[PDB]
>>> print(open('my_file.cif').read())   # mmCIF, C-alpha atoms
data_protein
#
loop_
_atom_site.label_atom_id
_atom_site.label_comp_id
_atom_site.auth_asym_id
_atom_site.auth_seq_id
_atom_site.Cartn_x
_atom_site.Cartn_y
_atom_site.Cartn_z
CA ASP L 11 -18.26 3.98 5.30
CA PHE L 12 -15.36 1.79 4.11
CA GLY L 13 -16.43 2.48 0.53
CA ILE L 14 -14.97 5.98 0.83
CA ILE L 15 -11.55 4.44 0.23
CA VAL L 16 -12.62 3.65 -3.37
CA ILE L 17 -13.84 7.18 -3.98
CA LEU L 18 -10.69 8.75 -2.58
CA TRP L 19 -8.39 6.53 -4.58
CA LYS L 20 -10.39 7.22 -7.78
CA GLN L 21 -9.50 10.91 -7.15
CA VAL L 22 -5.80 9.99 -7.45
CA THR L 23 -5.78 10.40 -11.19
CA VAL L 24 -2.72 9.39 -13.20
CA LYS L 25 -3.08 11.11 -16.54
CA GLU L 26 -0.97 10.54 -19.62
CA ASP L 27 1.86 12.57 -18.02
CA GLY L 28 2.43 9.69 -15.45
CA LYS L 29 2.53 12.03 -12.39
CA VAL L 30 0.66 11.35 -9.18
CA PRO L 31 -1.13 14.34 -7.68
CA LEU L 32 0.24 14.84 -4.17
CA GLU L 33 -2.71 16.04 -2.11
CA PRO L 34 -5.21 13.52 -3.45
CA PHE L 35 -2.61 10.81 -2.88
CA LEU L 36 -2.01 11.70 0.74
CA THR L 37 -5.77 12.04 1.45
CA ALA L 38 -6.37 8.56 -0.02
CA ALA L 39 -3.22 7.18 1.74
CA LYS L 40 -4.70 8.02 5.15
CA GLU L 41 -7.73 5.89 4.37
CA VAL L 42 -5.55 2.81 3.92
CA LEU L 43 -5.15 2.91 7.73
CA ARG L 44 -8.70 1.47 7.87
CA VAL L 45 -7.37 -1.71 6.37
CA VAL L 46 -4.63 -1.81 8.74
CA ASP L 47 -6.92 -1.20 11.79
CA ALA L 48 -9.17 -4.10 10.75
CA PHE L 49 -6.15 -6.43 11.14
CA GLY L 50 -5.52 -5.14 14.70
CA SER L 51 -2.47 -4.68 16.86
CA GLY L 52 -0.45 -7.34 14.99
CA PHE L 53 -0.10 -4.78 12.17
CA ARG L 54 1.48 -2.14 14.50
CA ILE L 55 4.63 -1.97 12.41
CA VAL L 56 2.70 -1.43 9.18
CA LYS L 57 0.34 1.05 10.82
CA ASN L 58 3.09 3.18 12.24
CA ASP L 59 5.02 3.03 8.99
CA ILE L 60 2.06 4.29 6.94
CA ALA L 61 0.91 6.95 9.38
CA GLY L 62 4.42 8.21 10.14
CA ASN L 63 5.38 8.44 6.49
CA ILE L 64 2.17 10.21 5.46
CA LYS L 65 2.96 12.83 8.11
CA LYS L 66 6.59 13.11 6.91
CA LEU L 67 5.47 13.69 3.33
CA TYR L 68 3.19 16.58 4.44
CA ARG L 69 6.12 17.96 6.45
CA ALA L 70 8.56 17.55 3.49
CA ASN L 71 6.17 19.45 1.20
CA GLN L 72 5.48 22.32 3.67
CA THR L 73 7.87 24.65 1.93
CA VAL L 74 8.35 22.97 -1.48
CA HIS L 75 4.59 23.04 -2.31
CA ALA L 76 4.95 20.39 -4.99
CA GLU L 77 1.86 19.46 -6.90
CA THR L 78 2.91 15.85 -7.59
CA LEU L 79 4.90 13.16 -5.78
CA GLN L 80 7.43 13.09 -8.63
CA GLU L 81 8.00 16.85 -8.42
CA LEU L 82 8.72 16.56 -4.71
CA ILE L 83 11.18 13.70 -5.06
CA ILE L 84 12.93 15.40 -8.04
CA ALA L 85 13.25 18.60 -5.92
CA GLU L 86 14.98 16.71 -3.14
CA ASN L 87 17.21 14.82 -5.56
CA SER L 88 18.71 12.56 -2.92
CA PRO L 89 18.05 9.01 -1.71
CA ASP L 90 18.26 10.39 1.85
CA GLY L 91 15.67 13.12 1.27
CA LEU L 92 12.90 13.15 3.86
CA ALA L 93 10.08 12.85 1.29
CA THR L 94 12.15 10.33 -0.73
CA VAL L 95 12.62 7.96 2.26
CA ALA L 96 9.08 8.44 3.45
CA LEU L 97 7.62 7.65 0.03
CA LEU L 98 9.98 4.66 -0.39
CA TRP L 99 8.49 3.12 2.75
CA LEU L 100 4.89 4.18 2.06
CA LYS L 101 5.17 2.68 -1.43
CA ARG L 102 6.51 -0.58 0.05
CA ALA L 103 3.72 -0.67 2.66
CA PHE L 104 1.10 -0.22 -0.04
CA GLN L 105 2.72 -2.94 -2.17
CA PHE L 106 2.38 -5.19 0.90
CA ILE L 107 -1.25 -4.24 1.50
CA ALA L 108 -2.12 -4.70 -2.18
CA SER L 109 -0.57 -8.15 -2.26
CA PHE L 110 -2.20 -9.21 1.04
CA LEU L 111 -5.68 -8.05 -0.10
CA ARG L 112 -5.31 -9.53 -3.63
CA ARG L 113 -4.52 -12.93 -2.16
CA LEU L 114 -7.34 -12.59 0.33
CA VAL L 115 -10.05 -11.89 -2.28
CA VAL L 116 -8.80 -14.17 -5.16
CA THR L 117 -7.76 -17.27 -3.22
CA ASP L 118 -9.21 -19.48 -0.49
CA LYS L 119 -5.96 -19.38 1.45
CA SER L 120 -6.20 -18.46 5.13
CA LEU L 121 -5.78 -14.80 5.97
CA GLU L 122 -2.56 -15.71 7.84
CA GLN L 123 -1.18 -17.41 4.72
CA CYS L 124 -2.18 -14.41 2.52
CA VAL L 125 -0.33 -12.05 4.81
CA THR L 126 2.77 -14.33 4.96
CA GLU L 127 3.02 -14.50 1.20
CA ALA L 128 2.43 -10.75 0.89
CA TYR L 129 5.13 -9.98 3.46
CA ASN L 130 7.59 -12.30 1.80
CA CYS L 131 7.36 -10.53 -1.58
CA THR L 132 7.44 -6.95 -0.17
CA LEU L 133 8.66 -5.79 3.23
CA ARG L 134 10.47 -8.92 4.46
CA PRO L 135 13.85 -8.26 2.79
CA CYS L 136 13.63 -4.60 3.86
CA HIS L 137 13.45 -5.61 7.52
CA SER L 138 16.33 -6.62 9.73
CA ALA L 139 16.18 -10.07 11.27
CA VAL L 140 15.00 -8.63 14.53
CA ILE L 141 12.18 -6.59 12.91
CA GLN L 142 11.10 -9.66 10.88
CA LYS L 143 10.67 -11.51 14.13
CA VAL L 144 8.47 -8.66 15.45
CA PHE L 145 6.36 -8.88 12.31
CA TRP L 146 5.92 -12.63 12.55
CA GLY L 147 4.87 -12.08 16.17
CA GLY L 148 2.15 -9.72 14.85
CA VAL L 149 1.04 -12.25 12.21
CA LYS L 150 0.32 -14.67 15.09
CA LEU L 151 -2.35 -12.12 16.08
CA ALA L 152 -4.07 -12.41 12.65
CA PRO L 153 -7.90 -12.44 12.53
CA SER L 154 -9.85 -14.73 10.26
CA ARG L 155 -10.77 -13.50 6.76
CA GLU L 156 -14.36 -13.13 7.93
CA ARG L 157 -13.57 -11.18 11.07
CA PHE L 158 -11.26 -8.90 9.04
CA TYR L 159 -13.93 -8.33 6.38
CA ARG L 160 -16.56 -7.54 8.97
CA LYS L 161 -14.35 -4.97 10.62
CA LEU L 162 -14.29 -3.17 7.28
CA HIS L 163 -18.02 -3.48 6.71
CA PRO L 164 -20.57 -5.65 8.59
CA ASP L 165 -21.79 -7.16 5.32
CA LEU L 166 -19.12 -9.66 4.06
CA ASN L 167 -20.21 -9.23 0.47
CA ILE L 168 -19.83 -5.46 0.53
CA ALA L 169 -16.44 -5.76 2.28
CA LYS L 170 -15.09 -8.10 -0.41
CA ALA L 171 -16.49 -6.10 -3.32
CA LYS L 172 -15.12 -2.86 -1.90
CA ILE L 173 -11.66 -4.33 -1.27
CA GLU L 174 -11.66 -5.37 -4.94
CA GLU L 175 -12.86 -1.92 -6.10
CA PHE L 176 -10.14 -0.35 -3.89
CA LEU L 177 -7.48 -2.56 -5.39
CA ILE L 178 -8.50 -1.45 -8.86
CA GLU L 179 -8.22 2.22 -7.92
CA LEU L 180 -5.00 1.84 -5.99
CA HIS L 181 -3.36 0.05 -8.88
CA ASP L 182 -2.34 2.76 -11.33
CA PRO L 183 -1.06 5.33 -8.87
CA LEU L 184 0.86 2.67 -6.96
CA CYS L 185 2.37 1.08 -10.09
CA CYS L 186 3.32 4.55 -11.38
CA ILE L 187 5.20 5.21 -8.12
CA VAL L 188 6.85 1.75 -8.28
CA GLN L 189 8.06 2.49 -11.86
CA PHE L 190 9.25 5.93 -10.83
CA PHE L 191 11.33 4.49 -7.99
CA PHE L 192 13.09 2.18 -10.47
CA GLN L 193 13.65 5.06 -12.92
CA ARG L 194 15.35 6.99 -10.12
CA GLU L 195 17.30 3.89 -8.89
CA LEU L 196 15.75 4.15 -5.41
CA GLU L 197 14.35 0.64 -4.91
CA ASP L 198 16.86 -2.21 -4.49
CA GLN L 199 15.00 -4.75 -2.24
CA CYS L 200 11.21 -4.85 -2.57
CA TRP L 201 9.81 -6.07 -5.86
CA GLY L 202 6.21 -6.67 -4.78
CA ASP L 203 3.48 -8.82 -6.23
CA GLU L 204 4.07 -9.49 -9.89
CA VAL L 205 0.46 -10.45 -10.61
CA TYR L 206 -1.02 -7.32 -9.13
CA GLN L 207 1.60 -5.06 -10.69
CA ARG L 208 0.80 -6.11 -14.28
CA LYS L 209 -0.24 -3.23 -16.50
CA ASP L 210 -4.01 -3.60 -16.50
CA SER L 211 -5.67 -2.54 -13.20
CA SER L 212 -8.11 -5.50 -13.36
CA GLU L 213 -5.76 -8.24 -14.80
CA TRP L 214 -5.32 -9.69 -11.29
CA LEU L 215 -9.03 -10.46 -10.85
CA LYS L 216 -8.81 -13.47 -13.25
#
>>> encode(input="my_file.cif", output="structure tokens")
Amino acid sequence: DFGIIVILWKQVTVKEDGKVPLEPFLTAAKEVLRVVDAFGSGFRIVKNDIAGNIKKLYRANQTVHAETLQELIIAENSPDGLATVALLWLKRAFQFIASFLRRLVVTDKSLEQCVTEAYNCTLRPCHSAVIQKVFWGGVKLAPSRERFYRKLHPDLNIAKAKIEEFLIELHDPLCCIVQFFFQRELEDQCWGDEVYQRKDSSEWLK
């Protein structure tokens, strides 16, 4: 039922006010772990990042009861806030996953090459030398594109189409959070994938 990731991300509606609803975001965030699981144990760092930071954002909102991500981060008003740090790293992980999957579905590069390029433009500068070496060790455990697709859905054509549909629905909420983190001067290292992060949520397809 991989296609549920598209439905859940479509529920993360960014309206004209440019705020991301918190509960729909976290519900859809958890589904991104499917993508990560299809890569396997070489994505342990990314997996634990995403899962740990989802849980921290629920914990950071337990008393604040913010309706939107922006409201929660504004409430904390600190770069060391527990939601603020958790969302920094969840944002970066989703910029990595978006870049990896964009390259996978638009190019004929190997899956290992797609993940290398994705890492390089997202999480790599955020990682110490020793953690980069752990990540490269996990990239050695990369599956093929086809194995990875089939872990998502047994039909390769459905897996590819649904990754593309997911990328469209991830785009606006993610790019809104990326912009917000610049507005608040919270992101100093990870710039992400310039093609994906263009304004239109389907520009990257071309």
>>> resolve_selection(input="my_file.cif", expression="the PyMOL selection byres ((chain L and resi 197) around 12)", output="count of residues only")
27
>>> residues_near_point(input="my_file.cif", point="(8.3, 13.4, 3.2)", cutoff="12 Å", atoms="all atoms listed in the file", output="PyMOL selection string")
chain L and resi 32+36+60-76+79-80+82-83+85-86+89-100
>>> resolve_selection(input="my_file.cif", expression="the PyMOL selection byres ((chain L and resi 110) around 6)", output="PyMOL selection string")
chain L and resi 107-109+111-113+124-125+128
>>> write_last_selection(input="my_file.cif", atoms="C-alpha atoms", output="PDB file, in the coordinates of the input")
ATOM      1  CA  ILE L 107      -1.250  -4.240   1.500  1.00  0.00           C
ATOM      2  CA  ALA L 108      -2.120  -4.700  -2.180  1.00  0.00           C
ATOM      3  CA  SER L 109      -0.570  -8.150  -2.260  1.00  0.00           C
ATOM      4  CA  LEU L 111      -5.680  -8.050  -0.100  1.00  0.00           C
ATOM      5  CA  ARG L 112      -5.310  -9.530  -3.630  1.00  0.00           C
ATOM      6  CA  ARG L 113      -4.520 -12.930  -2.160  1.00  0.00           C
ATOM      7  CA  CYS L 124      -2.180 -14.410   2.520  1.00  0.00           C
ATOM      8  CA  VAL L 125      -0.330 -12.050   4.810  1.00  0.00           C
ATOM      9  CA  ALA L 128       2.430 -10.750   0.890  1.00  0.00           C
TER      10      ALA L 128
END
>>> residues_around(input="my_file.cif", residues="region 170-179 of chain L", least_positions_apart="6", cutoff="8 Å", atoms="only C-alpha atoms", output="list in words")
residues 12, 13, 15, 16, 19, 20, 108, 111, 112, 115, 159, 211 and 212 of chain L
>>> closest_residue(input="my_file.cif", among="L:180, L:50, L:207, L:21", to="residue 151 (chain L)", atoms="all atoms listed in the file")
L:50
>>> axis_aligned_box(input="my_file.cif", around="region 31-43 of chain L", padding_each_side="3 Å", output="AutoDock Vina command-line options")
--center_x -3.7 --center_y 9.4 --center_z 0.0 --size_x 14.0 --size_y 19.2 --size_z 21.4
>>> atom_distance(input="my_file.cif", atom1="CA of residue 38 (chain L)", atom2="CA of residue 18 (chain L)")
5.0 Å
>>> atom_distance(input="my_file.cif", atom1="CA of residue 153 (chain L)", atom2="CA of residue 53 (chain L)")
10.9 Å
>>> atom_distance(input="my_file.cif", atom1="CA of residue 58 (chain L)", atom2="CA of residue 114 (chain L)")
22.3 Å
>>> residues_near_point(input="my_file.cif", point="(-0.5, -0.6, 7.1)", cutoff="6 Å", atoms="all atoms listed in the file", output="ChimeraX atom specification")
/L:43,46,56-57,60
>>> closest_residue(input="my_file.cif", among="L:118, L:81, L:204, L:47", to="residue 152 (chain L)", atoms="all atoms listed in the file")
L:47
>>> closest_residue(input="my_file.cif", among="L:49, L:206, L:214, L:129", to="residue 184 (chain L)", atoms="only C-alpha atoms")
L:206
>>> closest_residue(input="my_file.cif", among="L:157, L:162, L:120, L:209", to="residue 183 (chain L)", atoms="all atoms listed in the file")
L:209
>>> closest_residue(input="my_file.cif", among="L:78, L:142, L:88, L:130", to="residue 106 (chain L)", atoms="only C-alpha atoms")
L:130
>>> closest_residue(input="my_file.cif", among="L:121, L:55, L:24, L:215", to="residue 145 (chain L)", atoms="only C-alpha atoms")
L:55
>>> decode(input="my_file.cif", residues="region 100-138 of chain L", atoms="N, CA and C atoms", output="CSV table (one decimal), in the first residue's frame")
chain,number,residue,atom,x,y,z
L,100,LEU,N,14.9,16.8,10.5
L,100,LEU,CA,13.8,16.1,9.7
L,100,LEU,C,13.7,16.8,8.3
L,101,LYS,N,13.7,18.1,8.3
L,101,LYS,CA,13.8,18.9,7.0
L,101,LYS,C,15.0,18.4,6.2
L,102,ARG,N,16.2,18.4,6.8
L,102,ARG,CA,17.3,18.0,6.0
L,102,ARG,C,17.2,16.6,5.5
L,103,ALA,N,16.7,15.7,6.3
L,103,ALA,CA,16.5,14.3,5.9
L,103,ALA,C,15.6,14.2,4.7
L,104,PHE,N,14.5,15.0,4.7
L,104,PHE,CA,13.5,15.0,3.6
L,104,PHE,C,14.1,15.7,2.4
L,105,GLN,N,14.9,16.7,2.6
L,105,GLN,CA,15.6,17.2,1.4
L,105,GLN,C,16.5,16.2,0.8
L,106,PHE,N,17.2,15.4,1.5
L,106,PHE,CA,18.0,14.3,1.0
L,106,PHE,C,17.1,13.3,0.3
L,107,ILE,N,16.1,12.8,0.9
L,107,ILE,CA,15.2,11.8,0.3
L,107,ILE,C,14.6,12.4,-1.0
L,108,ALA,N,14.2,13.6,-1.0
L,108,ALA,CA,13.6,14.2,-2.2
L,108,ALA,C,14.6,14.2,-3.3
L,109,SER,N,15.9,14.6,-3.0
L,109,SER,CA,16.9,14.7,-4.1
L,109,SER,C,17.2,13.3,-4.6
L,110,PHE,N,17.4,12.3,-3.7
L,110,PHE,CA,17.7,10.9,-4.0
L,110,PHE,C,16.6,10.4,-5.0
L,111,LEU,N,15.4,10.5,-4.6
L,111,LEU,CA,14.3,10.0,-5.4
L,111,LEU,C,14.1,10.7,-6.7
L,112,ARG,N,14.3,12.0,-6.7
L,112,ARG,CA,14.2,12.8,-8.0
L,112,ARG,C,15.2,12.2,-9.0
L,113,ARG,N,16.5,12.1,-8.5
L,113,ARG,CA,17.5,11.6,-9.4
L,113,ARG,C,17.2,10.2,-9.9
L,114,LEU,N,16.7,9.4,-9.0
L,114,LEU,CA,16.3,8.0,-9.3
L,114,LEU,C,15.3,7.9,-10.4
L,115,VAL,N,14.3,8.7,-10.4
L,115,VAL,CA,13.2,8.6,-11.4
L,115,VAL,C,13.4,9.5,-12.6
L,116,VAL,N,14.3,10.5,-12.6
L,116,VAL,CA,14.4,11.3,-13.8
L,116,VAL,C,15.7,11.0,-14.6
L,117,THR,N,16.7,10.3,-14.0
L,117,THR,CA,17.9,9.9,-14.7
L,117,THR,C,18.0,8.4,-14.8
L,118,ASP,N,19.0,8.0,-15.6
L,118,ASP,CA,19.4,6.6,-15.7
L,118,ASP,C,20.7,6.3,-14.9
L,119,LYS,N,21.0,7.2,-14.0
L,119,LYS,CA,22.2,7.0,-13.1
L,119,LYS,C,21.9,5.8,-12.2
L,120,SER,N,22.9,5.1,-11.7
L,120,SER,CA,22.7,4.0,-10.8
L,120,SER,C,22.1,4.5,-9.5
L,121,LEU,N,21.4,3.7,-8.8
L,121,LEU,CA,20.9,4.1,-7.5
L,121,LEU,C,22.0,4.6,-6.6
L,122,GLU,N,23.1,3.9,-6.5
L,122,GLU,CA,24.3,4.4,-5.7
L,122,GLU,C,24.7,5.8,-6.1
L,123,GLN,N,24.8,6.1,-7.4
L,123,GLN,CA,25.2,7.4,-7.8
L,123,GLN,C,24.1,8.5,-7.4
L,124,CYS,N,22.8,8.1,-7.5
L,124,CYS,CA,21.7,9.0,-7.1
L,124,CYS,C,21.8,9.3,-5.6
L,125,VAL,N,22.1,8.3,-4.8
L,125,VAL,CA,22.2,8.6,-3.4
L,125,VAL,C,23.5,9.4,-3.0
L,126,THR,N,24.6,9.2,-3.7
L,126,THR,CA,25.8,10.0,-3.5
L,126,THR,C,25.5,11.4,-3.8
L,127,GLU,N,25.0,11.7,-5.0
L,127,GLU,CA,24.7,13.1,-5.3
L,127,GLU,C,23.7,13.8,-4.4
L,128,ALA,N,22.7,13.0,-4.0
L,128,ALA,CA,21.7,13.5,-3.0
L,128,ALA,C,22.4,13.9,-1.7
L,129,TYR,N,23.2,13.0,-1.2
L,129,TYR,CA,23.9,13.2,0.1
L,129,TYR,C,24.8,14.4,0.0
L,130,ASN,N,25.5,14.5,-1.1
L,130,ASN,CA,26.5,15.6,-1.2
L,130,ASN,C,25.8,17.0,-1.2
L,131,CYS,N,24.6,17.1,-1.7
L,131,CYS,CA,23.9,18.4,-1.7
L,131,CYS,C,23.0,18.7,-0.5
L,132,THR,N,23.0,17.7,0.5
L,132,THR,CA,22.1,17.8,1.7
L,132,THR,C,22.8,17.6,2.9
L,133,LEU,N,22.9,16.3,3.4
L,133,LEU,CA,23.4,16.0,4.7
L,133,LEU,C,24.9,16.0,4.9
L,134,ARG,N,25.6,15.8,3.7
L,134,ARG,CA,27.1,15.6,3.9
L,134,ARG,C,27.7,16.8,4.7
L,135,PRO,N,27.5,18.0,4.4
L,135,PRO,CA,28.2,19.0,5.2
L,135,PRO,C,27.8,19.1,6.6
L,136,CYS,N,26.6,18.6,6.9
L,136,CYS,CA,26.0,18.6,8.3
L,136,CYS,C,26.6,17.5,9.1
L,137,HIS,N,27.4,16.5,8.5
L,137,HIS,CA,27.9,15.4,9.2
L,137,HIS,C,29.4,15.6,9.4
L,138,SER,N,29.9,15.2,10.6
L,138,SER,CA,31.3,15.2,10.9
L,138,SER,C,32.0,14.2,10.0
